[PDB]
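Shown below, as structure tokens, is a lone chain in the form deposited in one PDB entry; questions about how it binds or moves come after it.
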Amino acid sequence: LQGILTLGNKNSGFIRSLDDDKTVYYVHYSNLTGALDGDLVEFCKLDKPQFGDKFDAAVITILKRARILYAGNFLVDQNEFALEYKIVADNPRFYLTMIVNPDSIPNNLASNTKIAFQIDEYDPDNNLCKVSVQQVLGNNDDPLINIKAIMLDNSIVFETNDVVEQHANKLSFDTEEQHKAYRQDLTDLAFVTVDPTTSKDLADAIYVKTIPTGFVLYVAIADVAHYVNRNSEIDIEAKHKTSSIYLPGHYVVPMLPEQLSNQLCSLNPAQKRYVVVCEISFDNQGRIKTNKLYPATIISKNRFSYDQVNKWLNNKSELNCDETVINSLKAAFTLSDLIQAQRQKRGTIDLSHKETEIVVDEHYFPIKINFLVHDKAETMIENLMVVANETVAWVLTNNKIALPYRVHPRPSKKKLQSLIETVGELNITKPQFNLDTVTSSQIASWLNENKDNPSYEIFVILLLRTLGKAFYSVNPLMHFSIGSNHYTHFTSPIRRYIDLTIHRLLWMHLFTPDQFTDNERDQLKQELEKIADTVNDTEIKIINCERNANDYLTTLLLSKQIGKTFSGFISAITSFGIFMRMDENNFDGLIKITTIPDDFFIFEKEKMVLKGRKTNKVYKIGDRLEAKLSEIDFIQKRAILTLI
């Protein structure tokens, strides 16, 4: 009777019920009754016999709109001495016909101006609605304006909140905080930061010491909880955002205002900074022996980029730093190699595969797509952050403190069987493990025995699909791909609300519990599930916003390459055609089913192939193809290919 609408292909879709089974009903376009993608609706099952698979339904009323504002392009034209207004919504799932309120239209608003509009009224029976312009965003051809519109359509806040900035600008460095008995003075240690070249939020610094029996690792994380009081205005805004947002052009929407993100909580060189340290001692094989968590004070001696460290590694450059930094980095790389070997021994799933970024010019127009490369410096930092995250998760669990975990379940036997069949057609080995009990180690060994297969890329793509998304949970579930029974996010409280919450839990229960009330502790405990829920729901939106922006920028880039031939492989097959991932740009283009040459092709959902009725020719995931870019679909932001 109640559920969330999702619109898909041709603006038909389905409703996922709120009942305990999450029962799914199909809904055709004609039974939507004015409802839009993501709306909460009241629905009824259709009296129809079941066509199969699922029941069908019709929307009765809209209980809550998913959005109040919608992006679109505003058009104005004059015809028989009268102004006519039209809006084209950016979102192809916005299917309602719009009547534009003339009193919402400024006299100076020109044609082809991006706007945001709201729905004033709608007629569910005719799919007609009255809308008013609520914001003027800018030139509709401007790619940065489009990126901002795409954030608005995904409910992603990006405008500066002046109240929050003013609250932040009051904050200052308390010089006496370093003298607190609970805060360890580590200002003499050769901490440094290692980050991408354009990052200005330095949340994490590392220092590694060698001892006779092994190593001691210090991971120092900006002490964000010490500056951001829970339920302060700054906190509430961070909780709404849930995370910093990173889109192309190094365009960042920070979770926290820049007085925190780039000054008080940024571990900038030669500045005294307050941190939370995860300190771990290792033996000479990289096995963890002991750990300690505590507030501290550091002075980073150097900020480095991945590029700088990597060139140093390959003896193609020197680092202009003190010898203590040089020895710490050398020990960090040695330790990092050892940690990586232990984690592989215990079981971990390295799901690395091809990644790209879009290069844009100073006006945010896309220039080209670059493939990213494995990064020795980036990998070292990754190993160190992972071991800290895992250790903090276990410390909180060992002390029986409820926390939000980062979790990732074992996939079902069913989904594994499907994956094994698909990749077996690409000469990927059939695995030997039990499908009910398969461990992280066994998936890793299976990946490793196929590393040289030409189809390794789509193998990892499909494995990732099989495994599904990681998410946050207070329930103590495993992280299958990291390979731990307990994992959380601790190292990045400048950009992630979960890490900020993890730091608050450390403060309130382990660092200075005497300074907090039992209610504060229970209140936060009671709120943890809802925090995880909001972060999980917003993470969906962020990923969708990145997808929208990627498709917008890449199809704009490709719009100048019509007629060009691209080689690639099939990444997906649907009832409407073949998705071919192009080698040169890693982007999926659509080959429409109806115009594939030489035969009439039928979608078979079981093996998810297209099979020709006369010739038995088969298209399957992984096949190598060549195709011509024939058009850009600017409505759906798709690249359409035709087989050549």
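Residue positions are given as counts along the sequence shown, with the first one as 1. For the two forms, the rigid core is made up of the largest set of C-alpha atoms that agree within 1.5 Å on superposition.
Trainee: Comparing 126-134 with 315-323, which has the greater mean CA B-factor as deposited?
Mentor: The deposited B-factors put 315-323 ahead on the C-alpha mean.
Trainee: State which stretch shows the higher mean Cα B factor in the entry: 289-297 or 146-154.
Mentor: Comparing averages over the C-alpha atoms only gives 289-297.
Trainee: From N73, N262, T538, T97, can you pick the one with the highest C-alpha B factor in the entry?
Mentor: That would be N262, according to the entry.
Trainee: If you compare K241, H486, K180, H489, which has the highest Cα B-factor in the entry?
Mentor: In the PDB entry, the greatest C-alpha B-factor among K241, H486, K180, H489 is found at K180.
Trainee: Quick check on the deposited entry: does the C-alpha B-factor of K469 sit in the lowest, middle or highest third of its chain?
Mentor: Its C-alpha B-factor, which the entry lists for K469, ranks in the middle third among residues of this chain.
Trainee: Comparing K10 with the other modelled residues of its chain, is its CA B-factor in the lowest, middle or highest third?
Mentor: Ranked within chain, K10 CA B lands in the lowest tercile.
Trainee: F117's Cα B-factor: lowest, middle or highest third of the chain?
Mentor: For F117, the deposited C-alpha B-factor lands in the lowest third.
Trainee: Relative to the other modelled residues of the same chain, rank the CA B-factor of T555 and answer lowest, middle or highest third.
Mentor: For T555, the deposited C-alpha B-factor lands in the lowest third.
Trainee: Ranked by Cα temperature factor within the chain, is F51 in the lowest third, the middle third or the highest third?
Mentor: For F51, the deposited C-alpha B-factor lands in the highest third.
The same protein has a further form, the form deposited in another entry, not shown here; the description that follows concerns it.
Trainee: Aligning on the rigid core, do we see the C-alpha of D583 shift 2 angstroms or more between this form and the one not shown?
Mentor: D583 C-alpha, core-superposed: shift of less than 2 Å.
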